[PDB]
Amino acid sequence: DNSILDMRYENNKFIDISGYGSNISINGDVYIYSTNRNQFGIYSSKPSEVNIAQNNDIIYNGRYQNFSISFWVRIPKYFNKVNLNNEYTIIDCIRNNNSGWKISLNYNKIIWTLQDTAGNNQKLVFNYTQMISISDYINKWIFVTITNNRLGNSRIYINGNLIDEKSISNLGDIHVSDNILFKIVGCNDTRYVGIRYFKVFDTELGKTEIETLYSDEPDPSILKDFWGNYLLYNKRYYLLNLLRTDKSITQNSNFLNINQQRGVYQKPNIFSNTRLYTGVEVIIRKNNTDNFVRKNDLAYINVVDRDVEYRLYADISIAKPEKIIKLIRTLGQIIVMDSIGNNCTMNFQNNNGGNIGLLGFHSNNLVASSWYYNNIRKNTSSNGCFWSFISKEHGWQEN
């Protein structure tokens, strides 16, 4: 749009597509996601780094240049005592170990540091926890945005929302580094972090600008899985209902219940969360060039039980607004895929396109209900028809 630095990974290499003129290099082993090449990972125990040699024109020095930075970061769940009080840098733009800025992490924190040549500094911190039933942050892509008004405050936004701000009137000459180094430094454990869509702007981004970056960067037409990655067809997932997050989805007779508790998994003083990997496993099948599930796609949802797939079927014989879901071994119906932010919805329709109802639950059983069409709570994920697909991954391990 108008950033002075915009890093993307294209054609097997990082590049500043802003056309402003910064050069980027890689060193050691840098992980590149196959589903989204713009997502890369860096490690703490072996040579691994990405370095942007900034165009001389963006190597700010004075005391009046406003600037902002934005990027998404994914941090695996911490599970070792060594992680508890160990702050490590991930993005470094500090000059001679003094002036500039850097983004660093620590157990339960994302830290921004801005410092001038005289040593005066200001820090902004985002706090999150590992003692929580369901986390919107642990091992999920988190959108960060720091904005700096030299005549005002520095501000930190998380997923488009202002978390904290402080005056930087105590800051004089800020001289950033010639380089922006993406590398884990100071971490005492074997760890990695994921990052994507890093950018730098030569103005103080406003709330509106940031919301756009938040909803527009990852392809908005593609549904997301529980972690924030692209939702995929032909891939096994566990199910999570956003209204009943402490409940597991289990196979009864040919029905699916949602009254059983998802256990809790914890490790004293490190974490305590509701268990994610539990309940039935589901797979999404297409009704052409990739396996990304897009808004309005027509698909089938099957429960995979002992390698045998069973189609979720909305029993339309009932005649109530709630059509109880039943399992029929693999028809007559189709599901329209869609999303509300990171929330996924599945709309059952008959072969004629007539609406049956959004997948949700009534009492202790899953159902397709037309009640949802006119009863969706606007700005919350707390809707019985809102779902999340959880894929078992290395970044989040359980008992």
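Sequential numbering from 1, following the sequence displayed.
Asks: According to the PDB entry, how many deposited residues between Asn287 and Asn288 are absent from the model (none, 1 to 3, 4 to 9, 10 or more)?
Replies: According to the record, 4 to 9 deposited residues lack coordinates from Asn287 to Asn288.
Asks: Please say, as none, 1 to 3, 4 to 9, or 10 or more, how many residues of the deposited sequence are without coordinates in the interval between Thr330 and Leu331.
Replies: In the deposited sequence, 4 to 9 residues between these two have no coordinates.
Asks: Which wins on mean Cα temperature factor, 10-18 or 386-394?
Replies: Per the PDB record, 10-18.
Asks: Between 35-43 and 341-349, point out the one with the higher average CA B-factor as the PDB entry records it.
Replies: Mean CA B-factor is higher for 341-349.
Asks: So among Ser70, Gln54, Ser369, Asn355, who wins on Cα B-factor in the entry?
Replies: Largest recorded C-alpha B-factor: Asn355.
Asks: Please pick out which of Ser99, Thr212, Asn273, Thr89 has the largest Cα B-factor as recorded in the entry.
Replies: Out of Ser99, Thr212, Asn273, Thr89, the record gives the largest C-alpha B-factor to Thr212.
Asks: How does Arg236 rank on Cα B-factor within its chain, lowest, middle or highest third?
Replies: According to the entry, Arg236 has a C-alpha B-factor in the chain's middle third.
Asks: Taking the C-alpha B-factors as the PDB entry records them, is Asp202 in the lowest, middle or highest third of its chain?
Replies: As the PDB entry reports it, the C-alpha B-factor of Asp202 lands in the middle third of its chain.
Asks: Please place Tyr192 in the lowest, middle or highest third of its chain according to the CA B-factor in the PDB entry.
Replies: For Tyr192, whose C-alpha B-factor we compare with every modelled residue in the chain, the answer is the lowest third.
Asks: When the deposited Cα B-factors of this chain's modelled residues are ordered and cut into thirds, is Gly119 in the lowest, the middle or the highest one?
Replies: Its C-alpha B-factor belongs to the middle third of this chain's values.
Asks: Comparing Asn83 with the other modelled residues of its chain, is its CA B-factor in the lowest, middle or highest third?
Replies: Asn83: CA B-factor falls in the middle third of its chain.
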